[PDB]
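This report concerns only the one structure given below.
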Amino acid sequence: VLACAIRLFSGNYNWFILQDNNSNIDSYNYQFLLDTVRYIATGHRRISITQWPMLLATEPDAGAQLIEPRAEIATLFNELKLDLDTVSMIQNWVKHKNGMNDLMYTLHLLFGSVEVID
Amino acid sequence: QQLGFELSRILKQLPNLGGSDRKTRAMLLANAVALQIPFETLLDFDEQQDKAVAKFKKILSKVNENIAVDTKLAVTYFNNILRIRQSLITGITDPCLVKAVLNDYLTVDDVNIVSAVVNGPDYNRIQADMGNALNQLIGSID
Amino acid sequence: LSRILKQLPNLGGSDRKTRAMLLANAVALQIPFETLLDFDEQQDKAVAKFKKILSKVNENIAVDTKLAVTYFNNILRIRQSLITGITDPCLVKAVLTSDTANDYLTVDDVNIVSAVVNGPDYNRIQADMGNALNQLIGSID
Amino acid sequence: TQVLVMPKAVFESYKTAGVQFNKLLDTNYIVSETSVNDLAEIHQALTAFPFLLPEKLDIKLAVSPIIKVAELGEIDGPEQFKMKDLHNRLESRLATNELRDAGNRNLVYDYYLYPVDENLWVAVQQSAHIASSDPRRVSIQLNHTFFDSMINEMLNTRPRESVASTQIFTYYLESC
Amino acid sequence: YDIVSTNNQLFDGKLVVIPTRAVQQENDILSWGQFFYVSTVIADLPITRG
Amino acid sequence: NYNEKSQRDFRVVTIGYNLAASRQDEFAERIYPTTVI
C-alpha cells in the first residue's frame, strides 16, 4: 500500500496542492481532499472514512460548504505547518493509529474503480 | 582413472585415529584442490570463488562415490584455504615464502623472539608500520 | 620513516637484509598485479616502480637495495605460481603453515592443518594428489 | 536488538561451518569460532555501515569484536594475556587490510538482514556498487530490500506507529 | 558431548543425555527438539475492567 | 544542638537490577533451538 501511494502521489509538485482548481471548487471531492490533509496533520477528520465513499459516489449538490468553507487545499499545508514533500506527507499519513486503513480507503476513493453517479 | 577414484585411493593412505579422521581427510582435499585449481584472469575474486567452489563440490560428489567425506566441512576448509591463496596474490606475501622458494637463513621467529622478550613490536607490527609509513610515497608517485 | 625503522631489533649482520625484506613487502602490498596480464608487462611495471621507490632510501637507515630488488622479484614470481596453482609439497607446506594462513584459519582449523601437513608421509601423499588433480582437474565440468 | 554487520564471506563461513549465530555477541565464543582476519573484516564492515539505526527503538549497532577483545585484555582474569595477544594480531591484520583496500574509496554495499533471536540482527555485507555522485541516495535506492526486511522484523515487537517515525521507515519510502 | 545446566526445580537430581546435530542449522529436524516461536504479543489497551 | 551527629543525609547507594531478555534460556535454547514462525 505504501509503495502504491507513492507511485500515485509522486509528481513534480505536491499532488494535493495541484488539486486547487480543475473542476473541484466547492465539490465534496474538494472537501474530501481538504479533510484528508487535516487528517495527515491532526489525525482527526470531520467525516469518517467509512462515510465518505457514499457521499463522493453520489456527489450531492445539497451542501459542501458546511464541512470546511474557509480553507483551501493549498492553504492547509501552510496553516497546518506540513511538508509538501511526497515522502514526508506519506510518513505523516501512516504514522497515525489508523493510518494504513485511511490510506487504503483514500487510494480507492481517488484512484480505484469507484462507481460514480452521472 | 576417474578423479573421484584416484583421490579416494590416495586418501585411504592417511593414518587413522578415530572419528577425527573426517576433519583431517576433509582438510587435505581442501588443501590440494584450493591450491591446485588455476585462476582465470578475467574474473574477480567474487566470481573466482563461485566457480572454484562449484568445481570443488563436483569433485566431492565424485570422491563420495568411493570414500566418505563430510561435504559441508570440506567446503568450509576449501573456502578458507582459497581465501588465503587469493590474499597472497593480492595482498602481502609472507617472508617465509620468499625464503622457502629462494642465502636466506635468519628467520622471522628470530626477531619475534627478541621483540617478545623486550615486549616491543613484532615483525608483523613493524611490517604494518612500514607500509603505513610508505603509504604517502607510493600514492604520490606512479 | 626512521622512527619505525629503529623499532627493528638489531640481529647480527642482518640489519640490512631484514629491512630489505620489509621494504619489498611494503611496496608489493600496494602495487597489485592485475590478473589480466601475464608476467612480462605488469611485472616490468611493478619492478620499475619498486626501483624508482628505492631512490628515496637515503631517508632510511639500513636498506640493501640490491637484495631488496631480489626479494621484490621473488614476491612477483611467487604470486605467479599461486595464480596458476601450486602443488609442490615444499611450497604447499610453506603456504598452509604461515603467518597469513594463521589469520584466516581458526585455532581449531590450524590444529587440523598442523596434523595433516606435519604427517610423516604428507609430502608423498600431497605430491600424489597434486598429480591426480593436475592431470584431471579439467575433467570436472 | 543489536545489528552485527559482517561480509558475505564471513556469513557464508558461519552458515557452512555451522557456527551458532546466537553467541556471536559473546566475545568468548566468536573469537574461538572466528579467524583473526574475519574479526578484523567485521570491524571494517561495521565502520562502513552508512545507515543510522533507530536508537529510539533500542536498536543499536554492535560494538566491533576488536574493541571487545581490547577491553578484555585489560581486565584481570585467566585468559587476559591470551586476549592481549589476540588484540595485537587484530591490529596488525586490520592495518594490513586498510593499506590494501584503501583504494576502494567511492562505493556502497548491498546489505541482507538475517534475524537471529531478538538480540542480534546479522547484516550481511554483499556485493559492492560504485557510487561517487550522491552516494547517499544511491545507497538508499540499492538497499530497498534491506530496509523493508528491517521494517518487517521490528514490526514484530515494536508498535507500528513508533516504527513509522524512524529513519529506516523513511528510507523505505524514499526508495519506493 | 557437551554440557548444559539448568536451575529448574524439576531437575533436582536428573541427568538426561540426548543427541543433537553437531552443527546447528535453521529449522533443523535433527535437533532433539525445536522451539517454534512466534513474537510474543504485547497488547496495550485501556481496559475499563469492573 | 551541643552535638551535631549526622542522622539524615546518609550516603545512598543503589543496588543494580539488570534482567536479561531472551526467547529462551541457554539450557532450553540448546535443547529446543528456536525456529521463527
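Ordering of the C-alpha cells sets the chain letters (A, B, ...); residue numbers start at 1 within each chain; ligands are numbered from 1 in the order shown.
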
Identify all residues of range 29-68 of chain A in alpha helix (DSSP H) (DSSP on the backbone) and supply them as an mmCIF file with N, CA and C atoms, in the first residue's frame.
```cif
data_model
loop_
_atom_site.group_PDB
_atom_site.id
_atom_site.type_symbol
_atom_site.label_atom_id
_atom_site.label_comp_id
_atom_site.auth_asym_id
_atom_site.auth_seq_id
_atom_site.Cartn_x
_atom_site.Cartn_y
_atom_site.Cartn_z
ATOM 1 N N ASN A 29 -15.746 16.290 -3.514
ATOM 2 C CA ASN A 29 -14.398 15.852 -3.866
ATOM 3 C C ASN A 29 -13.356 16.818 -3.319
ATOM 4 N N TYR A 30 -13.639 18.117 -3.370
ATOM 5 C CA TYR A 30 -12.722 19.109 -2.812
ATOM 6 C C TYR A 30 -12.695 19.040 -1.290
ATOM 7 N N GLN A 31 -13.872 18.954 -0.663
ATOM 8 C CA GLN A 31 -13.933 18.863 0.789
ATOM 9 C C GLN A 31 -13.245 17.599 1.283
ATOM 10 N N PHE A 32 -13.353 16.506 0.520
ATOM 11 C CA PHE A 32 -12.608 15.299 0.854
ATOM 12 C C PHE A 32 -11.107 15.557 0.868
ATOM 13 N N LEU A 33 -10.587 16.201 -0.176
ATOM 14 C CA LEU A 33 -9.157 16.494 -0.224
ATOM 15 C C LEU A 33 -8.741 17.380 0.940
ATOM 16 N N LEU A 34 -9.562 18.379 1.271
ATOM 17 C CA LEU A 34 -9.235 19.192 2.438
ATOM 18 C C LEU A 34 -9.300 18.376 3.724
ATOM 19 N N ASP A 35 -10.268 17.465 3.836
ATOM 20 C CA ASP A 35 -10.393 16.656 5.045
ATOM 21 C C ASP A 35 -9.235 15.679 5.175
ATOM 22 N N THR A 36 -8.718 15.183 4.049
ATOM 23 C CA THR A 36 -7.591 14.261 4.096
ATOM 24 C C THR A 36 -6.331 14.961 4.585
ATOM 25 N N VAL A 37 -6.109 16.204 4.145
ATOM 26 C CA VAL A 37 -4.912 16.928 4.568
ATOM 27 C C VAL A 37 -4.964 17.216 6.064
ATOM 28 N N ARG A 38 -6.145 17.582 6.569
ATOM 29 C CA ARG A 38 -6.307 17.790 8.004
ATOM 30 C C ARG A 38 -5.990 16.524 8.790
ATOM 31 N N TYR A 39 -6.406 15.365 8.275
ATOM 32 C CA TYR A 39 -6.059 14.103 8.920
ATOM 33 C C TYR A 39 -4.553 13.933 9.040
ATOM 34 N N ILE A 40 -3.817 14.139 7.942
ATOM 35 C CA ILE A 40 -2.365 13.985 7.990
ATOM 36 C C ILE A 40 -1.785 14.863 9.090
ATOM 37 N N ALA A 41 -2.283 16.093 9.205
ATOM 38 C CA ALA A 41 -1.799 16.998 10.239
ATOM 39 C C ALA A 41 -2.195 16.513 11.630
ATOM 40 N N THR A 42 -3.491 16.305 11.855
ATOM 41 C CA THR A 42 -4.017 16.180 13.207
ATOM 42 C C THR A 42 -4.333 14.733 13.580
ATOM 43 N N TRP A 52 -17.387 8.775 3.812
ATOM 44 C CA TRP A 52 -17.007 9.419 2.556
ATOM 45 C C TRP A 52 -17.375 8.632 1.300
ATOM 46 N N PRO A 53 -17.177 7.305 1.212
ATOM 47 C CA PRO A 53 -17.424 6.617 -0.071
ATOM 48 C C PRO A 53 -18.801 6.858 -0.669
ATOM 49 N N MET A 54 -19.861 6.805 0.139
ATOM 50 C CA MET A 54 -21.194 7.001 -0.419
ATOM 51 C C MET A 54 -21.439 8.465 -0.767
ATOM 52 N N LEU A 55 -20.907 9.387 0.038
ATOM 53 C CA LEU A 55 -21.077 10.806 -0.251
ATOM 54 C C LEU A 55 -20.395 11.185 -1.559
ATOM 55 N N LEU A 56 -19.190 10.659 -1.800
ATOM 56 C CA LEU A 56 -18.455 11.027 -3.004
ATOM 57 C C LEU A 56 -19.052 10.370 -4.244
ATOM 58 N N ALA A 57 -19.493 9.116 -4.129
ATOM 59 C CA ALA A 57 -20.047 8.418 -5.288
ATOM 60 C C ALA A 57 -21.303 9.111 -5.798
ATOM 61 N N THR A 58 -22.142 9.607 -4.889
ATOM 62 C CA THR A 58 -23.353 10.306 -5.309
ATOM 63 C C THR A 58 -23.064 11.761 -5.654
#
```

field: Within 9 Å of residue 94 in chain A using only C-alpha atoms, minus same-chain residues under 3 positions, as a PyMOL selection string
entry: (chain A and resi 2+40+89-91+97-103) or (chain D and resi 161+164)

- prompt: For residue 166 in chain D, which of D:54, D:110, D:148, D:92 is the closest residue, counting only C-alpha atoms?
  reply: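 Ranking D:54, D:110, D:148, D:92 by distance to residue 166 in chain D, first place goes to D:54.
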
Interatomic distance, CA of residue 113 in chain D to CA of residue 68 in chain D (Å, one decimal):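 So the two atoms, CA of residue 113 in chain D and CA of residue 68 in chain D, lie 23.0 Å apart.
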
query: Given a cut-off of 9 Å, which residues of chain D touch chain E, counting only C-alpha atoms, written out as a ChimeraX atom specification?
result: /D:15,17-20,156-159

Could the residues in this selection be saved with C-alpha atoms as a PDB file, in the first residue's frame?
```pdb
ATOM      1  CA  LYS D  15      26.391 -20.908   7.831  1.00  0.00           C
ATOM      2  CA  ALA D  17      30.676 -24.380   9.142  1.00  0.00           C
ATOM      3  CA  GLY D  18      27.679 -24.364  11.420  1.00  0.00           C
ATOM      4  CA  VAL D  19      28.696 -21.718  13.962  1.00  0.00           C
ATOM      5  CA  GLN D  20      25.947 -20.826  16.476  1.00  0.00           C
ATOM      6  CA  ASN D 156       7.031  -7.996  15.166  1.00  0.00           C
ATOM      7  CA  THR D 157       7.721  -6.399  18.566  1.00  0.00           C
ATOM      8  CA  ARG D 158       7.654  -2.613  18.208  1.00  0.00           C
ATOM      9  CA  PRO D 159       4.394  -0.688  17.722  1.00  0.00           C
TER      10      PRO D 159
END
```

Check which residues of chain C sit at most 7 Å from chain D using only C-alpha atoms, and return one row each with the closest pair of atoms and their distance in Å to one decimal, ordered by chain and rising number, as a tab-separated table.
```
residue	atom	partner	partner_atom	distance
C:29	CA	D:100	CA	6.5
C:30	CA	D:100	CA	6.0
C:103	CA	D:36	CA	4.8
C:104	CA	D:35	CA	5.2
C:105	CA	D:35	CA	5.3
C:106	CA	D:35	CA	4.6
C:107	CA	D:32	CA	7.0
```

Would you mind listing, as an mmCIF file with C-alpha atoms, in the first residue's frame, all residues of chain E that have at least one atom within 7 Å of chain F, where only C-alpha atoms are what counts?
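The file below, result-v2.cif, is the result:
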```cif
data_model
loop_
_atom_site.group_PDB
_atom_site.id
_atom_site.type_symbol
_atom_site.label_atom_id
_atom_site.label_comp_id
_atom_site.auth_asym_id
_atom_site.auth_seq_id
_atom_site.Cartn_x
_atom_site.Cartn_y
_atom_site.Cartn_z
ATOM 1 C CA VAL E 4 24.074 -27.847 29.533
ATOM 2 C CA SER E 5 22.947 -26.891 33.037
ATOM 3 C CA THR E 6 19.621 -25.720 34.449
ATOM 4 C CA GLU E 26 17.693 -23.224 10.883
ATOM 5 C CA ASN E 27 14.573 -25.360 11.356
ATOM 6 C CA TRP E 32 16.369 -33.341 19.615
ATOM 7 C CA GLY E 33 13.544 -30.826 19.813
ATOM 8 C CA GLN E 34 12.556 -27.458 18.418
ATOM 9 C CA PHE E 35 11.095 -24.291 19.921
ATOM 10 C CA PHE E 36 8.565 -22.949 17.436
ATOM 11 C CA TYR E 37 8.337 -19.302 18.439
ATOM 12 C CA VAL E 38 6.003 -16.519 17.346
#
```

message: Env of range 111-127 of chain C: 7 Å cut, atoms = only C-alpha atoms, seq-sep filter 4 positions within chain, self excluded. Answer as a list in words.
response: residues 10, 23, 24, 27 and 28 of chain B; 87, 88, 89, 93, 107 and 131 of chain C

field: For chain D, the nearest of the candidates A:27, A:113, A:78, A:10, counting only C-alpha atoms
entry: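 Counting only C-alpha atoms, the residue closest to chain D is A:10.
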
- prompt: Once you count only C-alpha atoms, which residues of chain D turn out to be within 8 Å of chain A? Could you give them as a list in words?
  reply: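 Contact residues on the first chain: residues 160, 161, 162, 164, 165, 170, 173, 174 and 176 of chain D.
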
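Residues within 9 Å of residue 66 in chain D, counting only C-alpha atoms and excluding same-chain residues fewer than 4 positions away, are residues 39, 40, 42, 43, 70, 71, 86, 87, 90 and 91 of chain D.
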
message: I want to know what sits within 12 Å of residue 77 in chain C, based on only C-alpha atoms, with residues of the same chain fewer than 2 positions away left out; could you give that as an MDAnalysis selection string?
response: (chainID B and resid 88:89 93 97:98 101:102) or (chainID C and resid 28 33 38:40 42:44 46:47 70:75 79:84)

- prompt: What separation in Å, quoted to one decimal, exists between CA of residue 153 in chain D and CA of residue 57 in chain D?
  reply: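 One can read the CA of residue 153 in chain D to CA of residue 57 in chain D distance as 12.4 Å.
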
Could you give me, as a PDB file with N, CA, C and O atoms, in the first residue's frame, the residues within 12 Å of residue 4 in chain C, counting only C-alpha atoms and dropping anything in the same chain fewer than 6 positions from it?
```pdb
ATOM      1  N   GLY B 120      58.203  -5.450  22.857  1.00  0.00           N
ATOM      2  CA  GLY B 120      58.069  -4.427  21.848  1.00  0.00           C
ATOM      3  C   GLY B 120      57.292  -4.931  20.652  1.00  0.00           C
ATOM      4  O   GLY B 120      56.696  -6.013  20.685  1.00  0.00           O
ATOM      5  N   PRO B 121      57.276  -4.153  19.571  1.00  0.00           N
ATOM      6  CA  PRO B 121      56.565  -4.585  18.361  1.00  0.00           C
ATOM      7  C   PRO B 121      57.254  -5.776  17.712  1.00  0.00           C
ATOM      8  O   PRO B 121      58.481  -5.877  17.690  1.00  0.00           O
ATOM      9  N   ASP B 122      56.443  -6.679  17.178  1.00  0.00           N
ATOM     10  CA  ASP B 122      56.960  -7.828  16.456  1.00  0.00           C
ATOM     11  C   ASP B 122      57.107  -7.513  14.969  1.00  0.00           C
ATOM     12  O   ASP B 122      56.872  -6.392  14.509  1.00  0.00           O
ATOM     13  N   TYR B 123      57.505  -8.534  14.212  1.00  0.00           N
ATOM     14  CA  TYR B 123      57.745  -8.380  12.779  1.00  0.00           C
ATOM     15  C   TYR B 123      56.510  -7.847  12.066  1.00  0.00           C
ATOM     16  O   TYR B 123      56.614  -6.923  11.248  1.00  0.00           O
ATOM     17  N   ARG B 125      53.872  -6.157  13.214  1.00  0.00           N
ATOM     18  CA  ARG B 125      53.570  -4.762  13.538  1.00  0.00           C
ATOM     19  C   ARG B 125      54.539  -3.808  12.846  1.00  0.00           C
ATOM     20  O   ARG B 125      54.135  -2.743  12.359  1.00  0.00           O
ATOM     21  N   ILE B 126      55.818  -4.172  12.795  1.00  0.00           N
ATOM     22  CA  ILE B 126      56.794  -3.366  12.071  1.00  0.00           C
ATOM     23  C   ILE B 126      56.455  -3.337  10.588  1.00  0.00           C
ATOM     24  O   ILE B 126      56.544  -2.293   9.930  1.00  0.00           O
ATOM     25  N   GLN B 127      56.061  -4.489  10.035  1.00  0.00           N
ATOM     26  CA  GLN B 127      55.654  -4.535   8.637  1.00  0.00           C
ATOM     27  C   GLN B 127      54.467  -3.612   8.379  1.00  0.00           C
ATOM     28  O   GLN B 127      54.429  -2.910   7.362  1.00  0.00           O
ATOM     29  N   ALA B 128      53.495  -3.592   9.292  1.00  0.00           N
ATOM     30  CA  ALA B 128      52.363  -2.677   9.161  1.00  0.00           C
ATOM     31  C   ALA B 128      52.811  -1.222   9.240  1.00  0.00           C
ATOM     32  O   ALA B 128      52.267  -0.357   8.544  1.00  0.00           O
ATOM     33  N   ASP B 129      53.793  -0.927  10.096  1.00  0.00           N
ATOM     34  CA  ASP B 129      54.298   0.441  10.179  1.00  0.00           C
ATOM     35  C   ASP B 129      55.048   0.829   8.905  1.00  0.00           C
ATOM     36  O   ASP B 129      54.948   1.972   8.432  1.00  0.00           O
ATOM     37  N   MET B 130      55.778  -0.122   8.334  1.00  0.00           N
ATOM     38  CA  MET B 130      56.499   0.146   7.095  1.00  0.00           C
ATOM     39  C   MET B 130      55.547   0.631   6.015  1.00  0.00           C
ATOM     40  O   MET B 130      55.699   1.739   5.502  1.00  0.00           O
ATOM     41  N   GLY B 131      54.562  -0.192   5.676  1.00  0.00           N
ATOM     42  CA  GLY B 131      53.627   0.170   4.628  1.00  0.00           C
ATOM     43  C   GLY B 131      52.913   1.471   4.926  1.00  0.00           C
ATOM     44  O   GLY B 131      52.769   2.321   4.050  1.00  0.00           O
ATOM     45  N   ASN B 132      52.465   1.634   6.167  1.00  0.00           N
ATOM     46  CA  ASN B 132      51.792   2.866   6.551  1.00  0.00           C
ATOM     47  C   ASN B 132      52.730   4.041   6.368  1.00  0.00           C
ATOM     48  O   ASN B 132      52.351   5.064   5.796  1.00  0.00           O
ATOM     49  N   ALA B 133      53.959   3.897   6.845  1.00  0.00           N
ATOM     50  CA  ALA B 133      54.938   4.967   6.711  1.00  0.00           C
ATOM     51  C   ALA B 133      55.381   5.105   5.265  1.00  0.00           C
ATOM     52  O   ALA B 133      56.243   5.922   4.948  1.00  0.00           O
ATOM     53  N   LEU B 134      54.793   4.302   4.382  1.00  0.00           N
ATOM     54  CA  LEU B 134      55.182   4.345   2.971  1.00  0.00           C
ATOM     55  C   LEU B 134      53.975   4.687   2.137  1.00  0.00           C
ATOM     56  O   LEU B 134      54.084   4.864   0.935  1.00  0.00           O
TER      57      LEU B 134
ATOM     58  N   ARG C  19      65.407  -5.411   6.739  1.00  0.00           N
ATOM     59  CA  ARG C  19      64.711  -4.218   6.271  1.00  0.00           C
ATOM     60  C   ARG C  19      64.504  -4.256   4.766  1.00  0.00           C
ATOM     61  O   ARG C  19      63.510  -3.718   4.262  1.00  0.00           O
ATOM     62  N   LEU C  22      61.383  -6.156   4.516  1.00  0.00           N
ATOM     63  CA  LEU C  22      60.243  -5.352   4.946  1.00  0.00           C
ATOM     64  C   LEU C  22      59.832  -4.354   3.878  1.00  0.00           C
ATOM     65  O   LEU C  22      58.641  -4.133   3.642  1.00  0.00           O
ATOM     66  N   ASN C  60      66.283   6.351   4.698  1.00  0.00           N
ATOM     67  CA  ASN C  60      66.218   5.160   5.525  1.00  0.00           C
ATOM     68  C   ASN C  60      67.564   4.944   6.216  1.00  0.00           C
ATOM     69  O   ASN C  60      68.511   5.717   6.033  1.00  0.00           O
ATOM     70  N   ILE C  61      67.670   3.887   7.022  1.00  0.00           N
ATOM     71  CA  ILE C  61      68.855   3.632   7.841  1.00  0.00           C
ATOM     72  C   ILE C  61      69.728   2.536   7.236  1.00  0.00           C
ATOM     73  O   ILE C  61      70.917   2.739   6.990  1.00  0.00           O
TER      74      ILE C  61
END
```

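Our summary of the geometry notes that CA of residue 81 in chain B is positioned 12.9 Å from CA of residue 94 in chain C.
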
Contacts of range 73-78 of chain B within 8 Å, only C-alpha atoms, excl. fewer than 4 positions in-chain, as a JSON list (two decimals) with N, CA, C and O atoms, in the first residue's frame:
```
[["chain", "number", "residue", "atom", "x", "y", "z"],
["B", 23, "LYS", "N", 37.92, -34.84, 9.79],
["B", 23, "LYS", "CA", 38.46, -33.49, 9.84],
["B", 23, "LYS", "C", 39.77, -33.39, 9.07],
["B", 23, "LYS", "O", 39.99, -32.44, 8.31],
["B", 26, "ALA", "N", 38.99, -34.25, 5.22],
["B", 26, "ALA", "CA", 38.41, -33.11, 4.52],
["B", 26, "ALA", "C", 39.45, -32.02, 4.31],
["B", 26, "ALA", "O", 39.49, -31.38, 3.25],
["B", 27, "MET", "N", 40.31, -31.80, 5.31],
["B", 27, "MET", "CA", 41.28, -30.72, 5.21],
["B", 27, "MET", "C", 42.22, -30.95, 4.03],
["B", 27, "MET", "O", 42.55, -30.01, 3.29],
["B", 29, "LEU", "N", 41.78, -32.67, 1.18],
["B", 29, "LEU", "CA", 41.11, -32.37, -0.08],
["B", 29, "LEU", "C", 40.99, -30.87, -0.30],
["B", 29, "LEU", "O", 41.23, -30.38, -1.40],
["B", 30, "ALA", "N", 40.62, -30.13, 0.75],
["B", 30, "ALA", "CA", 40.53, -28.69, 0.63],
["B", 30, "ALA", "C", 41.88, -28.08, 0.28],
["B", 30, "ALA", "O", 41.97, -27.21, -0.60],
["B", 31, "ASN", "N", 42.95, -28.54, 0.94],
["B", 31, "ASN", "CA", 44.28, -28.01, 0.68],
["B", 31, "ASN", "C", 44.71, -28.28, -0.76],
["B", 31, "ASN", "O", 45.17, -27.37, -1.46],
["B", 33, "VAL", "N", 43.01, -29.11, -3.55],
["B", 33, "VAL", "CA", 42.22, -28.56, -4.65],
["B", 33, "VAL", "C", 42.21, -27.04, -4.61],
["B", 33, "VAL", "O", 42.34, -26.38, -5.66],
["B", 34, "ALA", "N", 42.07, -26.44, -3.43],
["B", 34, "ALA", "CA", 42.05, -24.98, -3.34],
["B", 34, "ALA", "C", 43.32, -24.37, -3.89],
["B", 34, "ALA", "O", 43.28, -23.29, -4.49],
["B", 53, "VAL", "N", 34.44, -23.07, -6.16],
["B", 53, "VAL", "CA", 33.63, -23.89, -5.27],
["B", 53, "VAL", "C", 32.75, -24.84, -6.07],
["B", 53, "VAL", "O", 32.62, -26.01, -5.72],
["B", 56, "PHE", "N", 34.85, -27.64, -6.86],
["B", 56, "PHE", "CA", 35.21, -28.37, -5.65],
["B", 56, "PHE", "C", 34.08, -29.28, -5.20],
["B", 56, "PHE", "O", 34.32, -30.44, -4.85],
["B", 57, "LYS", "N", 32.85, -28.78, -5.20],
["B", 57, "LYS", "CA", 31.71, -29.60, -4.81],
["B", 57, "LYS", "C", 31.53, -30.76, -5.77],
["B", 57, "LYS", "O", 31.25, -31.89, -5.35],
["B", 69, "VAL", "N", 33.41, -38.41, 2.71],
["B", 69, "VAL", "CA", 33.92, -37.11, 3.11],
["B", 69, "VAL", "C", 32.74, -36.25, 3.53],
["B", 69, "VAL", "O", 31.68, -36.26, 2.89],
["B", 82, "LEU", "N", 41.18, -21.18, 0.02],
["B", 82, "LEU", "CA", 41.11, -20.39, -1.19],
["B", 82, "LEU", "C", 41.27, -18.90, -0.89],
["B", 82, "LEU", "O", 41.95, -18.19, -1.63],
["C", 109, "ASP", "N", 41.02, -24.97, 13.20],
["C", 109, "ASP", "CA", 41.40, -25.26, 11.82],
["C", 109, "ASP", "C", 42.90, -25.42, 11.66],
["C", 109, "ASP", "O", 43.36, -26.25, 10.88],
["D", 13, "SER", "N", 30.75, -18.50, 5.80],
["D", 13, "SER", "CA", 31.54, -19.39, 6.65],
["D", 13, "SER", "C", 30.73, -19.84, 7.86],
["D", 13, "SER", "O", 30.72, -21.02, 8.21],
["D", 16, "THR", "N", 28.00, -22.28, 6.61],
["D", 16, "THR", "CA", 28.56, -23.54, 6.10],
["D", 16, "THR", "C", 29.19, -24.34, 7.22],
["D", 16, "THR", "O", 28.92, -25.53, 7.35],
["D", 17, "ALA", "N", 30.02, -23.69, 8.03],
["D", 17, "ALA", "CA", 30.68, -24.38, 9.14],
["D", 17, "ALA", "C", 29.68, -24.82, 10.18],
["D", 17, "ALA", "O", 29.84, -25.88, 10.79]]
```
